[PDB]
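What follows is a set of notes on a single structure, which appears directly below.
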Ligand SMILES: CSc1ncc(Cl)c(Nc2ccc3c(c2)CC(=O)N3)n1
Ligand SMILES: CSc1ncc(Cl)c(Nc2ccc3c(c2)CC(=O)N3)n1
Ligand SMILES: [Cl-]
Ligand SMILES: [Cl-]
Ligand SMILES: [Cl-]
Ligand SMILES: [Cl-]
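Residue numbers (the numbering used here), protein chains in the order written: chain U, 1081 to 1203; chain Z, 1081 to 1203; chain E, 159 to 162; chain G, 159 to 162.
And the structure:
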């Protein structure tokens, strides 16, 4: 018999992004080919199968720095980190291959699906 | 020119609630009249003007235990903590006064608004 | 607010 | 996915 506030989840995510932009309570640095990205471990886990596996590990859950595979493109990661905190994906002809490869590595199934569909339309 | 995934914010919140239910990466205990509630500081800040003020304070941001005012009802807090992680509010005739008072103290404007409206309909 |  |  609950009532539901339609905009609550969107408002929560908007506030989490405001905390990220002001670097408030960020607890991890993600290193991608020398580029560094500060974030909240919980948000990373909520969006990515890879981060979920990493931060539920009894040893890795305590790390303040995570280094990604050197094949990962920093721009592709930045676009996906922005998507995690906003639901908006900046998908372009010039970045789609790097975004899809990064989303496959991060295990972000819905992003992988839209990249596959956008690539299939161009062939 | 971004594309947007409609269900992303809801899916993020659902995963944050799954982490709460398994006590994963919870970083604070909220004490309400001897009852204890584990939560994520970022989620509390994203939902409540009071927690936002508390955890942006340079001294309080580092506390692992927060004690609420003794007038706060533990059931009212539990209902609001559930709302924070699900967007669902268990509002009933028997709890509405305690829920409204707790939401006013926590500074959760949309909850206060629906409580005022439900109370006004009953008079 | 809605009935979910 | 939608055009926001
Ligand atoms: C599976 S239970 C669960 N519980 C809590 C969290 Cl934080 C979590 N995240 C997560 C796991 C897998 C995947 C994603 C997020 C996005 C995706 O495409 N795959 N999962
Ligand atoms: C105001 S900027 C901002 N930036 C980040 C966060 Cl985490 C935040 N939360 C917050 C502040 C005030 C209120 C709420 C959340 C819910 C409500 O009714 N009032 N606010
Ligand atoms: Cl470390
Ligand atoms: Cl995804
Ligand atoms: Cl403490
Ligand atoms: Cl609210």
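In this text, a Cβ means the ideal position worked out from N, Cα and C, and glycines have one as well.
Just to confirm the assignment: which complete alpha helix (DSSP H) runs, minimum length 4, are found wholly within the segment 1110-1198 of chain Z?
1121-1127, 1129-1135, 1154-1166 and 1176-1186
Does the segment 1156-1165 of chain U come into contact with the segment 1137-1144 of chain U, if we say contact requires no fewer than three beta-carbon pairs (one atom in each stretch) closer than 8 angstroms?
no
What does residue 1083 of chain U pair with, by DSSP beta-bridge criteria?
Mapped onto the first chain, residue 1083 of chain U falls at position 3. DSSP output for residue 1083 of chain U lists Z:1169 as bridge partner(s).
Give me, in chain order, the residues of the same chain whose beta-carbon lies closer than 6 angstroms to that of residue 1148 of chain Z; leave out the 5 immediate sequence neighbours on both sides.
Counted from its first residue, the second chain places residue 1148 of chain Z at position 68. Contacts found: 1112.
Would residue 1172 of chain U be called buried (16 or more neighbouring beta carbons within 10 Å of its own) or exposed?
For this step, residue 1172 of chain U is matched to residue 92 along the first chain. Burial call: exposed.
Counting only beta-carbon atoms, is residue 1168 of chain Z nearer than 8 angstroms to chain U?
Here residue 1168 of chain Z is taken as the residue at index 88 of the second chain, counted from 1. Output row for residue 1168 of chain Z: interface = yes.
Using a Cβ-Cβ cut-off of 8 angstroms, state whether residue 1082 of chain Z counts as contacting chain U.
As a first step, residue 1082 of chain Z must be located in the second chain, where it is residue number 2. Closer than 8 angstroms to some Cβ of chain U, the Cβ of residue 1082 of chain Z qualifies, so yes.
What's the call for residue 1126 of chain Z, buried or exposed, on a 16-neighbour Cβ count within 10 Å?
Position 46 of the second chain holds residue 1126 of chain Z. With 16 or more other Cβ atoms within 10 Å, it is buried.
Going by DSSP, which residues form a beta bridge with residue 1092 of chain Z?
What you label residue 1092 of chain Z is simply residue 12 of the second chain in a count that begins at 1. DSSP, once it has assigned bridges, lists no residue as partnering residue 1092 of chain Z.
Just to make sure I have the definition right: I need the residues of chain G whose C-beta is within less than 7 angstroms of the C-beta of residue 1085 of chain Z. Which are they?
Taking the first residue of the second chain as 1, we reach residue 1085 of chain Z at position 5. By Cβ distance, chain G contributes 159.
Is any heavy atom in ligand 4 found nearer than 7 angstroms to the beta carbon of residue 1188 of chain U?
Working through the first chain from its first residue, we reach residue 1188 of chain U at position 108. Yes, the beta carbon of residue 1188 of chain U sits closer than 7 angstroms to at least one heavy atom of ligand 4.
Using 10 angstroms around the beta-carbon of residue 1133 of chain U, count the other beta-carbons present and answer buried if the total reaches 16, otherwise exposed.
Counting from 1 along the first chain, the entry for residue 1133 of chain U is found at position 53. Classification for residue 1133 of chain U: exposed.
Report whether the distance from the Cβ of residue 1145 of chain Z to the nearest heavy atom of ligand 5 is below 7 angstroms.
Translated into the one-based positions of the second chain, residue 1145 of chain Z becomes position 65. At least one heavy atom of ligand 5 is nearer than 7 angstroms to the Cβ of residue 1145 of chain Z, so yes.
Look at the alpha carbon of residue 1114 of chain U and the alpha carbon of residue 1156 of chain U, and state the distance between them as a whole number of angstroms.
Walking along the first chain from the start, residue 1114 of chain U turns up at place 34. Walking along the first chain from the start, residue 1156 of chain U turns up at place 76. Spanning the two alpha carbons is a distance of roughly 14 angstroms.
Contact belief for residue 1093 of chain U with residue 1089 of chain Z at Cβ below 8 angstroms, rounded distance in angstroms
Taking the first chain and counting its residues from 1, the one referred to as residue 1093 of chain U is at position 13. Taking the second chain and counting its residues from 1, the one referred to as residue 1089 of chain Z is at position 9. Rounded, the Cβ-Cβ distance is 4 angstroms, consistent with contact.
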